[PDB]
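The block underneath contains the structure these notes are about, expressed in structure tokens.
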Ligand SMILES: CCCCCOC(=O)N[C@H]1CCCCC/C=C\[C@@H]2C[C@@]2(C(=O)NS(=O)(=O)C2(C)CC2)NC(=O)[C@@H]2C[C@@H](Oc3nc4cc(OC)ccc4nc3C)CN2C1=O
Ligand SMILES: [Zn+2]
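In the deposited numbering, the protein residues as written are 983 to 1179.
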């Protein structure tokens, strides 16, 4: 018992910048400072933007602020705390059946607004700042207009699907693949987030 370890916190290590005309990824913390911030849970870095790049000791993925909650996938974060200036922050939402977790949105973040447009012309934002057109095909499915090998989507779970007006429609959860090519995506609808809230 006296040697039992504790899992570290999720750590914000960058963001997808969507403030201007060009989307691009930014790193805000290197691997060494990440490992150390994960152990202490104390992250004094300024947070900005809607889409964060997050990491554990073993995985990297995305997290998206919607309605003052930073949302991501359970298969990336598990039950982990997230690092903050004052120490580890405990999850506010956890739903393994939806592959969903959430923490209070960090100070300085900006939150996306839940989409009420009812539109099926969507856009997926990846960890590499690619904006991928996606046609909505169901409550939790959308097809890529230009299929990609799954390699290009790996590490983007927790990222947003957006409507033409930039509202949040869903959280990227899983890739639908045949022989390594992503033809469609599975996502957590924003309405399922609003119900969890
Ligand atoms: C079929 C259509 C729907 C399902 C069928 O489709 C698939 O399963 N396809 C698979 C294809 C895997 C090949 C790579 C696909 C490329 C990018 C994908 C975007 C994304 C990601 O980037 N991840 S990640 O950032 O790299 C990273 C690993 C976090 C670091 N996602 C996943 O890899 C998920 C995890 C797991 O799926 C679940 N795991 C769960 C685990 C839980 O508790 C542990 C609870 C609920 C879960 N619910 C679910 C649904 C399997 N994934 C798939 O996409
Ligand atoms: Zn909208």
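Ideal Cβ positions, reconstructed from N, Cα and C, are used throughout, including at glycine.
Stretch pair the region 1128-1136 + the region 1031-1042: three plus CB contacts closer than 8 Å: Too few Cβ pairs lie closer than 8 Å, so no.
Ligand 2 heavy atom lying under 8 Å from the CB of residue 1145: In the chain shown, residue 1145 corresponds to position 163, counting from 1. Within the cutoff, so yes.
Same chain, Cβ closer than 8 Å to residue 1103, five either side skipped, listed in chain order: What you label residue 1103 is simply residue 121 of the chain shown in a count that begins at 1. Taking residue 1103 as the centre and dropping the five residues before and after it, the same chain places the C-beta of 1115, 1117, 1118, 1145 and 1146 closer than 8 Å to its C-beta, in chain order.
Span of the alpha helix (DSSP H) around residue 1044: Numbered from 1 along the chain shown, position 62 holds the residue referred to as residue 1044. Premise fails: residue 1044 lies in the beta strand (DSSP E), 1042-1048, not in any alpha helix (DSSP H).
For residue 1159, the first and last residue of its enclosing beta strand (DSSP E): What you label residue 1159 is simply residue 177 of the chain shown in a count that begins at 1. Annotation: the continuous beta strand (DSSP E) that includes residue 1159 extends over 1150-1160.
Beta-carbon contacts of residue 1008 that lie in its chain and below 7 Å, excluding the five residues immediately before and after: Reading the chain shown from its first residue, position 26 is the one you call residue 1008. Excluding residues within five positions, the ones whose Cβ falls inside 7 Å are 996, 997 and 999.
Where residue 1098 sits in the DSSP three-state scheme: Taking the chain shown and counting its residues from 1, one reaches residue 1098 at position 116. Note: residue 1098 maps to coil in three-state DSSP.
Start-to-end residues for the beta strand (DSSP E) that takes in residue 993: As a working note, residue 993 is residue 11 in the chain shown. Counting along the chain, the beta strand (DSSP E) containing residue 993 begins and ends at 993-999.
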